[PDB]
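K.L.:
Sharing data-v2.cif (mmCIF, C-alpha atoms) below.
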```cif
data_work
loop_
_atom_site.label_atom_id
_atom_site.label_comp_id
_atom_site.auth_asym_id
_atom_site.auth_seq_id
_atom_site.Cartn_x
_atom_site.Cartn_y
_atom_site.Cartn_z
CA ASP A 9 4.40 10.23 0.80
CA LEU A 10 6.36 7.04 0.18
CA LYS A 11 5.32 3.44 -0.32
CA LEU A 12 8.00 1.33 1.33
CA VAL A 13 8.64 -2.34 2.01
CA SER A 14 11.04 -3.86 4.54
CA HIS A 15 11.70 -7.57 4.24
CA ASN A 16 14.15 -9.65 6.20
CA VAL A 17 14.93 -11.96 3.27
CA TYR A 18 16.89 -14.50 5.32
CA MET A 19 19.85 -14.94 2.96
CA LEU A 20 22.30 -16.60 5.33
CA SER A 21 25.66 -17.48 3.77
CA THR A 22 25.33 -20.45 1.40
CA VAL A 23 28.86 -21.37 2.42
CA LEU A 24 28.18 -21.63 6.16
CA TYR A 25 24.46 -22.52 5.92
CA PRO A 26 24.14 -24.04 2.40
CA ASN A 27 20.63 -25.49 2.66
CA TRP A 28 18.06 -22.73 3.07
CA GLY A 29 17.11 -22.22 -0.57
CA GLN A 30 18.60 -18.73 -0.74
CA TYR A 31 18.75 -18.72 -4.55
CA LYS A 32 15.31 -20.25 -5.03
CA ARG A 33 13.76 -17.69 -2.68
CA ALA A 34 15.54 -14.78 -4.36
CA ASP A 35 13.54 -15.79 -7.43
CA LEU A 36 10.30 -16.26 -5.51
CA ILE A 37 10.73 -12.82 -3.94
CA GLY A 38 11.48 -11.29 -7.34
CA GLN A 39 8.38 -12.83 -8.89
CA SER A 40 6.21 -11.83 -5.93
CA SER A 41 3.38 -9.30 -5.66
CA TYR A 42 4.50 -7.35 -2.59
CA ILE A 43 7.86 -6.09 -3.92
CA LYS A 44 5.95 -4.53 -6.81
CA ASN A 45 4.44 -1.06 -7.12
CA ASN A 46 6.41 0.41 -4.23
CA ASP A 47 8.85 3.34 -4.20
CA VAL A 48 11.63 2.04 -1.96
CA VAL A 49 12.53 -1.45 -0.75
CA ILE A 50 14.72 -2.27 2.25
CA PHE A 51 16.25 -5.75 2.44
CA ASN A 52 17.62 -7.47 5.55
CA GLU A 53 19.91 -10.43 6.18
CA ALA A 54 20.92 -10.45 2.51
CA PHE A 55 24.25 -11.80 3.74
CA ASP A 56 24.98 -14.33 0.99
CA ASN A 57 26.71 -12.44 -1.82
CA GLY A 58 25.41 -14.70 -4.58
CA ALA A 59 21.70 -14.90 -3.75
CA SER A 60 21.57 -11.23 -2.73
CA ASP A 61 23.05 -10.25 -6.10
CA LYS A 62 20.27 -12.23 -7.79
CA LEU A 63 17.64 -10.69 -5.52
CA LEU A 64 18.92 -7.22 -6.42
CA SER A 65 18.97 -7.90 -10.18
CA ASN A 66 15.55 -9.59 -10.01
CA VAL A 67 14.40 -6.18 -8.83
CA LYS A 68 16.73 -4.06 -10.98
CA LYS A 69 14.10 -3.01 -13.53
CA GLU A 70 11.36 -1.83 -11.17
CA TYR A 71 13.90 -0.40 -8.72
CA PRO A 72 16.83 0.81 -10.89
CA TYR A 73 18.57 2.89 -8.23
CA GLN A 74 20.23 0.61 -5.70
CA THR A 75 22.94 0.72 -3.05
CA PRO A 76 25.59 -1.91 -2.32
CA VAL A 77 25.04 -4.27 0.61
CA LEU A 78 26.01 -2.65 3.90
CA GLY A 79 29.36 -3.93 5.17
CA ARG A 80 30.18 -5.73 1.92
CA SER A 81 32.71 -3.31 0.43
CA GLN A 82 34.08 0.20 0.90
CA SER A 83 33.65 1.05 -2.78
CA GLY A 84 30.33 2.21 -4.21
CA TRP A 85 29.48 4.45 -1.27
CA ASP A 86 29.64 8.26 -1.07
CA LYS A 87 30.87 7.90 2.49
CA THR A 88 31.69 5.15 4.99
CA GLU A 89 31.24 5.76 8.71
CA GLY A 90 31.42 3.74 11.91
CA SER A 91 33.58 0.73 12.73
CA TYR A 92 33.97 -0.78 9.28
CA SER A 93 36.58 -3.53 9.06
CA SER A 94 37.89 -5.77 6.28
CA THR A 95 38.71 -8.65 8.61
CA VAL A 96 35.18 -9.78 9.35
CA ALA A 97 33.34 -12.95 8.32
CA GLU A 98 30.09 -11.35 7.14
CA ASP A 99 28.67 -7.99 6.02
CA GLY A 100 25.62 -6.16 7.38
CA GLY A 101 22.97 -7.61 5.08
CA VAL A 102 21.25 -4.27 4.48
CA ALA A 103 20.51 -2.85 1.03
CA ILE A 104 18.08 -0.23 -0.27
CA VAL A 105 16.56 -0.10 -3.76
CA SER A 106 14.40 2.59 -5.32
CA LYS A 107 12.27 3.63 -8.30
CA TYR A 108 13.74 7.10 -7.82
CA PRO A 109 17.27 8.58 -8.11
CA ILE A 110 19.59 8.02 -5.14
CA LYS A 111 21.63 11.20 -4.72
CA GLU A 112 23.66 10.02 -1.73
CA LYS A 113 24.48 6.82 0.14
CA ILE A 114 26.43 6.55 3.36
CA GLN A 115 26.97 3.29 5.19
CA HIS A 116 27.50 3.19 8.93
CA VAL A 117 28.62 0.16 10.91
CA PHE A 118 27.80 -0.08 14.62
CA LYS A 119 30.64 0.06 17.15
CA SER A 120 29.03 -2.59 19.34
CA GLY A 121 28.00 -6.19 18.70
CA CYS A 122 28.00 -9.54 20.50
CA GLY A 123 27.77 -13.20 19.53
CA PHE A 124 27.55 -13.80 15.79
CA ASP A 125 26.77 -10.13 15.14
CA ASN A 126 30.21 -9.47 16.58
CA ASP A 127 31.76 -11.06 13.50
CA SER A 128 29.59 -9.04 11.11
CA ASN A 129 29.50 -5.53 9.67
CA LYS A 130 25.99 -4.80 10.88
CA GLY A 131 24.90 -1.17 10.90
CA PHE A 132 22.58 1.07 8.91
CA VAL A 133 22.35 2.41 5.37
CA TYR A 134 21.51 6.07 4.92
CA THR A 135 19.98 7.08 1.62
CA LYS A 136 18.88 10.39 0.11
CA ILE A 137 16.56 9.75 -2.82
CA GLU A 138 14.92 12.50 -4.86
CA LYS A 139 11.29 12.03 -5.86
CA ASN A 140 9.78 14.73 -8.09
CA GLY A 141 12.42 17.33 -7.22
CA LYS A 142 11.77 16.80 -3.51
CA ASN A 143 14.32 15.24 -1.15
CA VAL A 144 13.32 12.15 0.84
CA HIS A 145 15.63 10.37 3.28
CA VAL A 146 15.50 6.64 3.98
CA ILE A 147 17.47 4.64 6.53
CA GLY A 148 17.56 0.85 6.55
CA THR A 149 18.97 -1.03 9.51
CA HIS A 150 19.21 -4.35 11.32
CA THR A 151 20.19 -4.32 14.98
CA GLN A 152 21.63 -6.85 17.42
CA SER A 153 19.56 -10.04 17.49
CA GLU A 154 18.76 -12.18 20.54
CA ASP A 155 21.87 -14.32 21.01
CA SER A 156 21.39 -17.11 23.55
CA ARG A 157 25.18 -17.18 23.90
CA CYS A 158 26.25 -13.62 24.72
CA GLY A 159 25.97 -11.65 27.96
CA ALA A 160 22.82 -11.52 30.09
CA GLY A 161 20.72 -8.64 28.80
CA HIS A 162 23.63 -7.25 26.82
CA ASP A 163 21.83 -7.70 23.50
CA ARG A 164 19.27 -5.21 24.82
CA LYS A 165 21.91 -2.71 25.97
CA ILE A 166 23.72 -3.04 22.64
CA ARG A 167 20.55 -2.40 20.65
CA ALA A 168 20.15 0.74 22.75
CA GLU A 169 23.60 1.95 21.75
CA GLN A 170 23.01 1.05 18.09
CA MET A 171 19.66 2.85 17.81
CA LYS A 172 21.40 5.75 19.54
CA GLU A 173 24.03 5.81 16.79
CA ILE A 174 21.22 6.11 14.25
CA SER A 175 19.42 8.98 15.96
CA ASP A 176 22.75 10.74 16.55
CA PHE A 177 23.56 10.25 12.88
CA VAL A 178 20.35 12.00 11.84
CA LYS A 179 20.77 15.04 14.09
CA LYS A 180 24.38 15.54 13.00
CA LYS A 181 23.17 15.52 9.40
CA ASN A 182 21.32 18.86 9.67
CA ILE A 183 18.49 17.51 7.52
CA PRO A 184 15.78 20.13 6.81
CA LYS A 185 12.70 19.83 9.04
CA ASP A 186 10.42 20.00 5.99
CA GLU A 187 11.79 16.68 4.72
CA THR A 188 10.77 13.21 5.92
CA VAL A 189 13.27 10.69 7.27
CA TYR A 190 12.06 7.08 7.28
CA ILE A 191 13.76 4.47 9.47
CA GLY A 192 13.02 0.79 8.94
CA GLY A 193 14.33 -2.75 9.08
CA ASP A 194 14.57 -5.55 11.64
CA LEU A 195 14.92 -3.69 14.94
CA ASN A 196 14.73 -6.96 16.88
CA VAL A 197 12.37 -5.43 19.44
CA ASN A 198 9.02 -7.14 20.08
CA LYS A 199 6.13 -4.66 19.75
CA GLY A 200 4.54 -3.37 22.94
CA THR A 201 7.26 -4.24 25.43
CA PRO A 202 9.17 -2.06 27.91
CA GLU A 203 12.10 -2.23 25.47
CA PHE A 204 9.83 -1.12 22.63
CA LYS A 205 9.13 2.03 24.63
CA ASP A 206 12.87 2.61 24.92
CA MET A 207 13.35 1.95 21.21
CA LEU A 208 10.94 4.75 20.26
CA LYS A 209 12.88 7.26 22.36
CA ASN A 210 16.31 6.01 21.29
CA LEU A 211 15.39 6.07 17.59
CA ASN A 212 13.66 9.39 18.27
CA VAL A 213 10.55 8.02 16.59
CA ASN A 214 6.75 8.14 16.90
CA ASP A 215 4.65 4.98 16.92
CA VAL A 216 2.67 3.77 13.92
CA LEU A 217 -0.83 2.50 13.19
CA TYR A 218 -0.57 -1.19 12.36
CA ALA A 219 -2.50 -3.20 9.78
CA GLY A 220 -2.78 -6.82 8.69
CA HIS A 221 -1.00 -9.45 10.75
CA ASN A 222 0.11 -8.80 14.35
CA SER A 223 3.24 -10.92 13.96
CA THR A 224 6.44 -10.55 11.93
CA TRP A 225 8.16 -13.78 12.89
CA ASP A 226 5.32 -16.30 13.21
CA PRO A 227 6.02 -20.03 13.82
CA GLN A 228 2.30 -20.81 13.51
CA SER A 229 1.96 -19.76 9.89
CA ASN A 230 5.56 -19.57 8.61
CA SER A 231 7.01 -22.80 7.17
CA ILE A 232 10.57 -21.71 7.89
CA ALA A 233 9.91 -20.11 11.27
CA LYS A 234 7.88 -23.17 12.24
CA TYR A 235 10.87 -25.29 11.22
CA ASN A 236 13.39 -23.22 13.20
CA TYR A 237 11.44 -23.05 16.47
CA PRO A 238 8.10 -24.92 16.44
CA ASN A 239 7.85 -24.03 20.13
CA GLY A 240 6.28 -20.78 18.98
CA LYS A 241 5.84 -17.42 20.70
CA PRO A 242 5.28 -15.14 17.67
CA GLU A 243 7.09 -11.80 17.70
CA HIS A 244 6.77 -8.48 15.89
CA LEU A 245 10.21 -7.23 14.91
CA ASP A 246 10.05 -5.42 11.55
CA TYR A 247 9.17 -1.71 11.47
CA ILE A 248 9.44 1.37 9.34
CA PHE A 249 9.19 4.71 11.14
CA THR A 250 9.92 8.40 10.72
CA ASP A 251 12.04 10.74 12.84
CA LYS A 252 9.71 12.61 15.20
CA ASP A 253 11.69 15.85 14.84
CA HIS A 254 11.39 15.86 11.05
CA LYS A 255 8.58 16.19 8.49
CA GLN A 256 5.88 13.74 9.54
CA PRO A 257 3.63 11.82 7.10
CA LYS A 258 -0.16 12.07 7.49
CA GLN A 259 -1.14 8.58 8.62
CA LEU A 260 1.87 6.27 8.48
CA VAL A 261 0.99 2.59 8.86
CA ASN A 262 2.95 -0.66 8.90
CA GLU A 263 1.07 -3.50 7.23
CA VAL A 264 2.34 -7.04 7.71
CA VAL A 265 2.07 -9.03 4.48
CA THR A 266 1.44 -12.78 4.53
CA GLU A 267 1.80 -13.46 0.81
CA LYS A 268 3.27 -16.85 -0.10
CA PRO A 269 4.86 -18.55 -3.14
CA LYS A 270 4.16 -21.90 -4.77
CA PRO A 271 5.83 -24.49 -2.48
CA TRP A 272 9.53 -24.92 -3.25
CA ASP A 273 12.03 -27.74 -2.80
CA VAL A 274 15.27 -27.84 -0.84
CA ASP A 275 16.61 -31.40 -1.06
CA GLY A 276 13.18 -33.02 -0.84
CA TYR A 277 12.01 -30.86 2.06
CA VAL A 278 9.13 -28.55 1.15
CA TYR A 279 8.28 -25.05 2.40
CA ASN A 280 6.27 -22.03 1.20
CA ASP A 281 7.39 -18.66 2.53
CA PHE A 282 9.69 -16.05 0.97
CA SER A 283 11.58 -16.00 4.29
CA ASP A 284 11.11 -16.79 7.99
CA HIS A 285 10.04 -13.15 8.32
CA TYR A 286 7.03 -11.48 6.71
CA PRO A 287 7.46 -8.23 4.76
CA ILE A 288 5.94 -5.00 6.03
CA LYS A 289 4.44 -2.28 3.86
CA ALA A 290 4.37 1.38 4.82
CA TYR A 291 2.17 4.15 3.46
CA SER A 292 0.21 7.19 4.57
CA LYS A 293 -3.57 6.92 4.49
#
```
Take the structure in the file and give it back as structure tokens.
P.N.:
Amino acid sequence: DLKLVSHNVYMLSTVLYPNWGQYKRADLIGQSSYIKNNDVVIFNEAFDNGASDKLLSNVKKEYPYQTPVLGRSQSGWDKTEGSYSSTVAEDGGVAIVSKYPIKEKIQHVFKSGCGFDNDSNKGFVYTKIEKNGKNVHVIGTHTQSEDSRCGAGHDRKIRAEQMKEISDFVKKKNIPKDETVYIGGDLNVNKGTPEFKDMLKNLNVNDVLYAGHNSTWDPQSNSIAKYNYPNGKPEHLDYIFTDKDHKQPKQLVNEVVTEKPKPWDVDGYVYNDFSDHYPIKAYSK
């Protein structure tokens, strides 16, 4: 019975990719309508330490209980699993915020990664919030992205391993069957593909009724996505799910939100989207 949101906020490092309006957008996102009146919010690609700190404190009031950013540090977590390392260029970009008390937070970094994700601390963020005396479990993640310069179909095989680490993590956790375990973020798997079928079984997850927009990364309507690759071919990559072997919500749906801000400026060039990805809402109906 949660109202979630998962946005890939597209906060690339302002040191290595200085001109994407990370700080501006952190404000836009904070002043937006979709981040508001939810229970839990999962951010993705909040890599830049500065802008992500602003994003988090723009949200601090409505969602007081927050975790660090996955991969960032080893301090501030109840537990740190996986292949964490302090010799890597970037973190994992994943952070979870909440209206309700967080009574546990583990971070887990994936063993496998190729291309740019190889020099990151990408993995998932387990969370155990407590709403109204009841325990709810929320996992935010962000798997291997399509890297044109790494292996052949290795990105696909790596995602398989990663999603496997998540499902293995949940079974080893002995979480009561009467408690729901959400699993969201940018899974980098286009909806309704042979790989999408594999993803459901690897994540140990049921499918969801979809609402709104049938695209998550859409170069036809997104100013930033249009800029990146105007060539097109919209994809659907953001999901929130629930473990099939745990307490299942009535009618869980992912809704793709297309809300936009007043056009902003980045060195003369104008755009109007909180990120190159659209946020997704989740709720039972």
K.L.:
Would you kindly translate the PyMOL selection byres ((chain A and resi 224) around 8) into the concrete residues it picks from this file, as a list in words?
P.N.:
residues 221, 222, 223, 225, 226, 242, 243, 244, 245, 246, 264, 285, 286 and 287 of chain A
K.L.:
Generate a file of the selected residues that holds C-alpha atoms, formatted as an mmCIF file, in the coordinates of the input.
P.N.:
```
data_model
loop_
_atom_site.group_PDB
_atom_site.id
_atom_site.type_symbol
_atom_site.label_atom_id
_atom_site.label_comp_id
_atom_site.auth_asym_id
_atom_site.auth_seq_id
_atom_site.Cartn_x
_atom_site.Cartn_y
_atom_site.Cartn_z
ATOM 1 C CA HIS A 221 -1.000 -9.450 10.750
ATOM 2 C CA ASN A 222 0.110 -8.800 14.350
ATOM 3 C CA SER A 223 3.240 -10.920 13.960
ATOM 4 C CA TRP A 225 8.160 -13.780 12.890
ATOM 5 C CA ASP A 226 5.320 -16.300 13.210
ATOM 6 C CA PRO A 242 5.280 -15.140 17.670
ATOM 7 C CA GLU A 243 7.090 -11.800 17.700
ATOM 8 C CA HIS A 244 6.770 -8.480 15.890
ATOM 9 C CA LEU A 245 10.210 -7.230 14.910
ATOM 10 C CA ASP A 246 10.050 -5.420 11.550
ATOM 11 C CA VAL A 264 2.340 -7.040 7.710
ATOM 12 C CA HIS A 285 10.040 -13.150 8.320
ATOM 13 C CA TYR A 286 7.030 -11.480 6.710
ATOM 14 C CA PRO A 287 7.460 -8.230 4.760
#
```
K.L.:
So which residues get picked by the PyMOL selection byres ((chain A and resi 145) around 6) here, written as a list in words?
P.N.:
residues 135, 136, 144, 146 and 189 of chain A
K.L.:
Taking into account only C-alpha atoms, which residue in the set A:291, A:237, A:218, A:18 is nearest to residue A:51?
P.N.:
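Selected residue with least distance to residue A:51: A:18.
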K.L.:
Between atom CA of residue A:156 and atom CA of residue A:30, what distance in Å does the model show, to one decimal?
P.N.:
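Atom CA of residue A:156 sits 24.5 Å away from atom CA of residue A:30.
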K.L.:
Name the residues, using the chain letters and numbers of the file, that sit within 9 Å of (8.5, 10.1, 18.8) when counting all atoms listed in the file, and give them as number ranges by chain.
P.N.:
A: 208-209, 211-215, 250-253
K.L.:
Any chance you could work out the residue set of the PyMOL selection byres ((chain A and resi 219) around 10) here, as a PyMOL selection string?
P.N.:
chain A and resi 216-218+220-222+261-265+288-290
K.L.:
Given the choices A:170, A:190, A:10, A:61, which gets closest to residue A:107 if the distance is worked out from all atoms listed in the file?
P.N.:
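For residue A:107, the nearest of the given residues is A:10.
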K.L.:
Which value, in Å to one decimal, gives the distance between atom CA of residue A:36 and atom CA of residue A:67?
P.N.:
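Value for the atom CA of residue A:36-atom CA of residue A:67 distance: 11.4 Å.
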K.L.:
Give me stretch 253-271 of chain A with N, CA, C and O atoms filled in, as a tab-separated table (two decimals), keeping the file's coordinate frame.
P.N.:
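Dumped everything to part.tsv:
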```
chain	number	residue	atom	x	y	z
A	253	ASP	N	11.27	14.45	14.94
A	253	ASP	CA	11.69	15.85	14.84
A	253	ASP	C	11.82	16.33	13.40
A	253	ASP	O	12.32	17.42	13.14
A	254	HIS	N	11.37	15.50	12.46
A	254	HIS	CA	11.39	15.86	11.05
A	254	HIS	C	10.00	15.73	10.43
A	254	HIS	O	9.07	15.26	11.09
A	255	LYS	N	9.87	16.16	9.18
A	255	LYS	CA	8.58	16.19	8.49
A	255	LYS	C	7.85	14.86	8.66
A	255	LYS	O	8.36	13.80	8.30
A	256	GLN	N	6.65	14.94	9.22
A	256	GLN	CA	5.88	13.74	9.54
A	256	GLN	C	4.77	13.50	8.53
A	256	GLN	O	4.01	14.41	8.19
A	257	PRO	N	4.68	12.26	8.02
A	257	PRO	CA	3.63	11.82	7.10
A	257	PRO	C	2.26	11.83	7.76
A	257	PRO	O	2.17	11.67	8.98
A	258	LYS	N	1.20	11.99	6.97
A	258	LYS	CA	-0.16	12.07	7.49
A	258	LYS	C	-0.51	10.93	8.43
A	258	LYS	O	-0.60	11.11	9.64
A	259	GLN	N	-0.70	9.74	7.86
A	259	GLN	CA	-1.14	8.58	8.62
A	259	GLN	C	-0.29	7.37	8.27
A	259	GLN	O	-0.73	6.48	7.54
A	260	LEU	N	0.93	7.35	8.79
A	260	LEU	CA	1.87	6.27	8.48
A	260	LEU	C	1.43	4.96	9.13
A	260	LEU	O	1.16	4.92	10.33
A	261	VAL	N	1.34	3.90	8.33
A	261	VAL	CA	0.99	2.59	8.86
A	261	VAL	C	1.95	1.50	8.37
A	261	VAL	O	2.42	1.53	7.24
A	262	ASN	N	2.24	0.56	9.26
A	262	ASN	CA	2.95	-0.66	8.90
A	262	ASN	C	1.92	-1.76	8.66
A	262	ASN	O	1.13	-2.07	9.55
A	263	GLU	N	1.92	-2.34	7.47
A	263	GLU	CA	1.07	-3.50	7.23
A	263	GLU	C	1.92	-4.75	7.06
A	263	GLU	O	2.84	-4.78	6.24
A	264	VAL	N	1.62	-5.79	7.84
A	264	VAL	CA	2.34	-7.04	7.71
A	264	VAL	C	1.71	-7.90	6.62
A	264	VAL	O	0.53	-8.23	6.68
A	265	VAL	N	2.52	-8.25	5.62
A	265	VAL	CA	2.07	-9.03	4.48
A	265	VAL	C	2.33	-10.51	4.69
A	265	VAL	O	3.38	-10.91	5.18
A	266	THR	N	1.35	-11.34	4.32
A	266	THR	CA	1.44	-12.78	4.53
A	266	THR	C	1.46	-13.55	3.22
A	266	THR	O	1.21	-14.75	3.20
A	267	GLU	N	1.76	-12.84	2.13
A	267	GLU	CA	1.80	-13.46	0.81
A	267	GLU	C	2.78	-14.64	0.78
A	267	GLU	O	3.82	-14.61	1.44
A	268	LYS	N	2.43	-15.66	0.01
A	268	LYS	CA	3.27	-16.85	-0.10
A	268	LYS	C	3.43	-17.31	-1.55
A	268	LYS	O	2.60	-17.03	-2.40
A	269	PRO	N	4.53	-18.03	-1.82
A	269	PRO	CA	4.86	-18.55	-3.14
A	269	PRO	C	4.37	-19.98	-3.31
A	269	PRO	O	3.98	-20.61	-2.33
A	270	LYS	N	4.39	-20.48	-4.54
A	270	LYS	CA	4.16	-21.90	-4.77
A	270	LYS	C	5.27	-22.68	-4.08
A	270	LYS	O	6.45	-22.35	-4.22
A	271	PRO	N	4.90	-23.71	-3.31
A	271	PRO	CA	5.83	-24.49	-2.48
A	271	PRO	C	7.10	-24.87	-3.23
A	271	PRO	O	7.03	-25.37	-4.35
```
